[PDB]
Amino acid sequence: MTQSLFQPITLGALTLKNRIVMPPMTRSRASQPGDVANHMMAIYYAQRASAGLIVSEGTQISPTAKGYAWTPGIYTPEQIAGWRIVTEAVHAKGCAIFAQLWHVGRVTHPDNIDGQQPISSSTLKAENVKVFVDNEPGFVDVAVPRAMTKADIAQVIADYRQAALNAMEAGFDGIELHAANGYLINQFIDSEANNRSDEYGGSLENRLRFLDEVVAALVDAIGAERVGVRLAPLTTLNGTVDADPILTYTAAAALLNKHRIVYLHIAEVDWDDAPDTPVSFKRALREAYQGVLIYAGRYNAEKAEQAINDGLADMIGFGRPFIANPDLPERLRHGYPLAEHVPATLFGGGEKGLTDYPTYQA
Ligand SMILES: Cc1cc2nc3c(=O)[nH]c(=O)nc-3n(C[C@H](O)[C@H](O)[C@H](O)COP(=O)(O)O)c2cc1C
Ligand SMILES: O=Cc1ccc(O)cc1
Ligand SMILES: O=Cc1ccc(O)cc1
């Protein structure tokens with residue numbers, strides 16, 4: 001029935017139109033050279049501004065934080081200006097937008113990071129994990145990362161902190177820390193991906209240290225009311241696996257709650273990796289974290305409404321459906337049929353498969 005889904009909600013200093021979120025979705029359409037957010041991306045996001053909140057596709061915080069060809073960066077003056085075009089376009093439509101600050105850690109190839117060697121919590125390679133390269137050739141197997149030294153850690157935190165400032169300069173309403181889907185921070189969090197012997201490995205407290213320090217920096221830079229964090233407790237598609245996900249992530253949620261981050265975003269499904277997410281686990285997260293809770297992963301109107309009314313979620317993200325339906329909210333509200341996206345145009349290319357999905361017309 002969707003009544004709650006269409007109720008507004010306060011997100012820090014923002015008052016959002018509804019509970020629908022356009023989750024972060026890499027489309028790899030950044031202008032070359034320079035990986036700059038561009039005009040077609042601005043049109044793309046503005047077309048979907050009826051969402052209550054838009055979270056931008058992952059945007060790398062540095063040259064070595066990139067994992068896929070043509071993804072937009074947020075560290076150069078040009079990239080900031082490029083993103084500004086996007087946020088202004090989105091704001092002109094009346095919608096809030098957060099920048100997803102990204103660092104892929106070991107999920108990359110030297111070709112995508114100026115020949116450099118990928119960094120990670122440890123020297124563990126992601127099993128059968130491929131990334132894309134060039135400016136095109138194709139997919140290639142990820143490389144072997146090198147364990148991050150204390151200097152590396154201080155640098156990445158620095159890059160995250162500056163990226164946050166750059167996001168504000170770019171006009172974003174806030175930032176989302178990508179600590180999910182097997183990327184850098186996730187590589188510290190999950191036990192089976194972190195084999196460090198120092199303060200950033202071993203115990204649960206140590207495995208959460210990097211997340212704690214990065215968030216501390218982000219909050220210090222732009223305020224907790226403008227900081228969101230994304231986690232992926234149960235999925236493992238990109239190579240990260242935890243030994244006790246339920247405990248690790250309930251703890252992570254409690255930790256983030258202390259930082260008073262504005263929202264916690266849970267990535268429940270990653271492609272066809274949809275692990276059963278116990279309602280009991282969801283209720284524990286609801287108690288561990290008291291802010292705005294967002295979930296994304298195979299939701300339809302019914303399941304979204306039910307998640308909100310059961311007290312499990314405050315907002316719900318719809319990813320793939322938003323790709324093919326710029327007016328997704330209107331369709332969900334009326335029960336109009338949803339167009340399906342074309343996998344072949346998800347990444348790279350131009351406007352085709354990006355801005356030419358029409359709004360609904362009976
Ligand atoms: C083309 C595509 C690119 C994605 N890129 C991102 C991203 O950059 N960052 C992220 O955290 N999740 C990313 N996601 C995951 C989505 O945000 C979302 O959690 C996922 O698609 C599950 O929701 P859905 O079943 O409604 O599509 C991507 C998904 C797709 C389909
Ligand atoms: O096919 C191109 C491509 C670019 C970046 C990716 O993330 C995935 C695919
Ligand atoms: O398909 C690209 C992709 C990028 C980042 C993720 O978090 C998940 C998917």
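Sequence positions, counted from 1, serve as the residue numbers for this chain.
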Criterion salt bridge (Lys or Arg N to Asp or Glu O under 4.0 Å) on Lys282 and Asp310, from CA distance to verdict | CA-CA 11 Å; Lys282 293 187 174 175; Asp310 285 353; over 6 Å; no
Roughly how far apart are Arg106 CZ and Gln187 CD, rounded to 0.5 Å?
-> 5.0 Å
Could you check whether the rings of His103 and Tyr160 sit parallel, tilted or perpendicular, using 30° and 60° as the cut-offs?
-> tilted
Out of curiosity, does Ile43 fall in the hydrophobic cluster containing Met25 (side-chain heavy atoms, cut-off under 4.5 Å, transitive links)?
-> no
Got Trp271 and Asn181 here, is their nearest side-chain heavy-atom distance under 4.5 Å?
-> no
Please answer whether the main-chain N or O of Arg27 pairs with a side-chain N or O of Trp70 as donor and acceptor at a distance below 3.5 Å.
-> no
Backbone N or O of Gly348 within a donor-acceptor pair of the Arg29 side chain at under 3.5 Å?
-> yes
Between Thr355 and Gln47, does any side-chain donor sit less than 3.5 Å from a side-chain acceptor?
-> no
Considering all heavy atoms, the nearest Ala37-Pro72 contact | N-CB, 4.2 Å
Hey, does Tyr295 have a side-chain heavy atom less than 4.5 Å from the side chain of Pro23?
-> no
Is there a donor-acceptor pair under 3.5 Å between the side chain of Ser120 and the backbone N or O of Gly105?
-> no
Please round to the nearest 0.5 Å and tell me the distance separating atom CE of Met40 and atom CG of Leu354.
-> 7.0 Å
Keeping the roles fixed (side chain from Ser121, backbone from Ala193), state whether a donor-acceptor pair exists under 3.5 Å.
-> yes
Taking atom types as modelled and ignoring hydrogens, do the side chains of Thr64 and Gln116 form a donor-acceptor contact shorter than 3.5 angstrom?
-> no
Carefully, step by step, assess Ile157 and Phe210 under the rule side-chain contact (heavy atoms from CB on, under 4.5 Å).
-> CA-CA 9 Å; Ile157 294 177; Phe210 189 55; 4.1 Å; yes
Looking only at non-hydrogen atoms, find the nearest pair between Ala324 and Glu340 and report the distance.
-> CB-C, 3.5 Å
Would you name the heavy atoms of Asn325 and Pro337 that are closest together and state the gap between them?
-> ND2-O, 4.4 Å
Correct closest heavy-atom pair for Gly52 and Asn18 would be N-OD1, 2.9 Å
Do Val144 and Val131 belong together in a cluster built from hydrophobic side chains that touch within less than 4.5 Å?
-> no
N-O pairing of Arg286 and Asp314 below 4.0 Å | yes
Side-chain H-bond candidate by donor/acceptor type, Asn166 with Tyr75, under 3.5 Å = no
Short side-chain to backbone donor-acceptor contact, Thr87 and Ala170, under 3.5 Å = yes
Is it the case that one hydrophobic cluster holds both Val279 and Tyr299, taking links as side-chain heavy atoms less than 4.5 Å apart, direct or via other members?
-> no
Hey, are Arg146 and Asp152 close enough for a salt bridge, meaning a charged N less than 4.0 Å from a carboxylate O?
-> yes
Answer with yes or no whether the hydrophobic clustering places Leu247 together with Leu211; edges join I, L, V, M, F, W, Y residues whose side-chain heavy atoms lie under 4.5 Å apart.
-> yes
Ring centre gap for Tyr68 and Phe347 strictly below 6.0 Å = no
Going through the distances and angles, do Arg320 and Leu346 end up as a side-chain contact (heavy atoms from CB on, under 4.5 Å)?
-> CA-CA 10 Å; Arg320 285 163 278 189; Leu346 283 177; 5.9 Å; no
Nearest heavy-atom pair of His178 and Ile185: which atoms, and what distance?
-> O-CD1, 4.4 Å
pair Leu204-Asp244: side-chain heavy atoms closer than 4.5 Å | no
Pairing residues for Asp273 by the salt bridge (charged side-chain N to carboxylate O under 4.0 Å, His left out) criterion, not counting sequence neighbours = none
Could you walk me through whether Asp190 and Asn194 pass the side-chain contact (heavy atoms from CB on, under 4.5 Å) test, one step at a time?
-> CA-CA 6 Å; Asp190 293 354; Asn194 179 346; over 6 Å; no
Between atom CG of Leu16 and atom OG1 of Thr10, what is the distance when rounded to the nearest 0.5 Å?
-> 7.5 Å
When hydrophobic residues are tied together by side-chain contacts of less than 4.5 Å, even through go-betweens, does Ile308 share a cluster with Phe318?
-> yes
Taking atom CD of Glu192 as the centre, report whether more than 12 heavy atoms of other residues, nucleotides or ligands fall under 6.0 Å from it.
-> yes
Does the side chain of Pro145 reach to within under 4.5 Å of the side chain of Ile119, using non-hydrogen atoms?
-> no
Distance (rounded to the nearest 0.5 Å) between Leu234 CG and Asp276 CG = 9.0 Å
Donor-acceptor pair, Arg226 side chain versus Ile175 backbone, under 3.5 Å?
-> no
Does the pair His259 and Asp212 meet the rule for a side-chain contact (heavy atoms from CB on, under 4.5 Å), with working shown?
-> CA-CA 8 Å; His259 281 95; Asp212 183 57; 2.7 Å; yes
Are side-chain heavy atoms of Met148 and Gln155 found at a separation under 4.5 Å?
-> no
Would you indicate whether the side-chain heavy atoms of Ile261 and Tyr289 approach each other to under 4.5 Å?
-> yes
Determine whether more than 12 heavy atoms belonging to other residues, nucleotides or ligands lie under 6.0 Å from atom CD of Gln290.
-> yes
Distance-only, no hydrogens or angles: does the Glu305 side chain make a donor-acceptor pair with backbone N or O of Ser4 under 3.5 Å?
-> yes
Do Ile266 and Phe281 touch side chain to side chain, with heavy atoms closer than 4.5 Å?
-> no
Test item: side-chain donor near acceptor, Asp270 and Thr235, under 3.5 Å | no
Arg209 vs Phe188 side-chain heavy atoms within contact, under 4.5 Å | no
Say you draw a straight line from OH of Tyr249 to CG of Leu255; how long is it, rounded to the nearest 0.5 Å?
-> 12.5 Å
Is the backbone of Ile189 close enough, under 3.5 Å, to the side chain of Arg207 for a donor and an acceptor to pair up by distance?
-> yes
Without swapping roles, check the side chain of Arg333 against the backbone of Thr2 for a donor-acceptor pair under 3.5 Å.
-> no
Within the distance-only criterion (no hydrogens, no angle test), does the side chain of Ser191 pair as donor or acceptor with the backbone N or O of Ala243 below 3.5 angstrom?
-> yes
When every non-hydrogen atom of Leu285 is compared with those of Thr250, the smallest separation belongs to CD2-CA, 4.1 Å
Any chance the side chains of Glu57 and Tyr44 put a donor and an acceptor closer than 3.5 Å?
-> no
Rounding to 0.5 Å, atoms CG (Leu328) and CG (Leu338) come to a distance of 6.0 Å
